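**Q**
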Amino acid sequence: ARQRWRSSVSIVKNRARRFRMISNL
Amino acid sequence: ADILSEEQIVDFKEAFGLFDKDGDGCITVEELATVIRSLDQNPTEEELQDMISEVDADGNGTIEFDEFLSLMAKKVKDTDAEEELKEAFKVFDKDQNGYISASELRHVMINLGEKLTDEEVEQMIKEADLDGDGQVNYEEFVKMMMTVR
Ligand SMILES: [Ca+2]
Ligand SMILES: [Ca+2]
Ligand SMILES: [Ca+2]
Ligand SMILES: [Ca+2]
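Keeping their order, the protein sequence lines are chains R and D.
Residues in the first sequence are numbered from 1 upward in steps of one, following the working numbering.
Residues in the second sequence are numbered from 1001 upward in steps of one, following the working numbering.
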């Protein structure tokens, strides 16, 4: 289940509802 | 596999619509500033204008869907652990109780377009949960993201 776990985190990164990129800058 | 489905553009499309309160089609520095300002932070307009013009080829002063998509879709690394480690946990632990509940992880899961089963749900969280307490603590999460083994 480590795959799905990472997928959830990886997918979240792509979704970035907070805009990690823009938010950071 | 390289599937890539509407679920990808949809997620971005949804977020984009959020940035553009006046669904004009293109996000403007002003609108962007308002959203950013209401994000618990207020960066200098200097980098904001430069950053926007940096990606926006025709640097028209607004980010188009195509630009927004590639902008994020392209940039996806880290450069900040405390950011990804905290941002993720913050999302998983919505209630921010220090533990990830199946229900919380259940949504964060299917909410991504995935139909799991009772068996999968168990191993899904039960696997990460080292204490088998049907919950995952931030500590366990960090270790799971580190060694993983
Ligand atoms: Ca607009
Ligand atoms: Ca542009
Ligand atoms: Ca919780
Ligand atoms: Ca645990």
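For each residue, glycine too, the CB sits at the ideal point set by N, CA and C.
1) Got a sec: does ligand 3 put a non-hydrogen atom nearer than 7 Å to the Cβ of D/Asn1137?
2) For D/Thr1062, which residues from the same chain have a beta carbon less than 7 Å from its beta carbon, with the 5 sequence-adjacent residues on both sides left out?
3) Mind checking the stretch 1109-1143 of chain D against chain R and listing, in chain order, the residues whose C-beta falls within less than 7 Å of any C-beta there?
4) Taking 7 Å as the line, does the beta carbon of D/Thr1117 fall inside it for any heavy atom of ligand 1?
5) Hey, would you say the C-beta of D/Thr1028 is under 7 Å away from at least one heavy atom of ligand 2?
6) Which runs of the alpha helix (DSSP H) at least 4 residues long sit entirely within the stretch 1016-1055 of chain D? Give them in chain order.
7) Could you compute how far the alpha carbon of D/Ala1102 sits from the alpha carbon of D/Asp1080?
8) Can you tell me whether D/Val1010 is buried or exposed? The criterion is at least 16 other CB atoms within 10 Å of its CB, across all chains shown.
9) For D/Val1029, decide whether its Cβ has a neighbour in chain R, counting only Cβ atoms nearer than 8 Å.
10) Looking at chain R, is there any beta carbon in it that lies within less than 8 Å of the beta carbon of D/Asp1095?
11) From this set, R/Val9, R/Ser23, R/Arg15, R/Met21, which residue's C-alpha is nearest D/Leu1085's C-alpha?
12) Hey, could you find the ends of the alpha helix (DSSP H) D/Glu1084 is sitting in?
13) To which residues of the same chain is D/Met1072 closer than 7 Å at the C-beta, ignoring the five residues directly before and after it?
14) Give me every residue whose Cβ sits closer than 7 Å to any heavy atom of ligand 3, in chain order.
15) Below 8 Å on the Cβ atoms is my contact criterion, and I expect D/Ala1128 with R/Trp5 to pass it. Report the Cβ-Cβ distance as a whole number of Å.
**A** Concretely, from the data shown:
1) D/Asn1137: no, Cβ never under 7 Å from ligand 3.
2) Cβ neighbours of D/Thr1062 beyond the five flanking positions: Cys1026, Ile1027, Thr1028.
3) Taking 7 Å as the Cβ-Cβ cut-off against chain R, the residues of the stretch 1109-1143 of chain D that qualify are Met1109, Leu1112, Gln1123, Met1124, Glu1127, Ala1128.
4) False, no ligand heavy atom lies under 7 Å from that Cβ.
5) Because no heavy atom of ligand 2 lies under 7 Å away, the Cβ of D/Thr1028 does not count as near it: no.
6) The stretch 1016-1055 of chain D contains these whole alpha helix (DSSP H) runs: 1029-1037, 1045-1055.
7) Each residue's alpha carbon lies about 27 Å from the other.
8) Counting the other Cβ atoms within 10 Å of the Cβ of D/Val1010 gives fewer than 16, which makes it exposed.
9) Cβ-Cβ to chain R under 8 Å: no for D/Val1029.
10) It does not; no Cβ of chain R falls within 8 Å.
11) Nearest in C-alpha terms to D/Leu1085, of all of R/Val9, R/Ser23, R/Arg15, R/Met21, is R/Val9.
12) Element bounds for D/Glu1084: 1081-1092.
13) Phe1012.
14) Those satisfying the condition are, in chain order, D/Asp1093, D/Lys1094, D/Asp1095, D/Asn1097, D/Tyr1099, D/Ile1100, D/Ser1101, D/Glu1104.
15) About 6 Å; that satisfies the 8 Å criterion.
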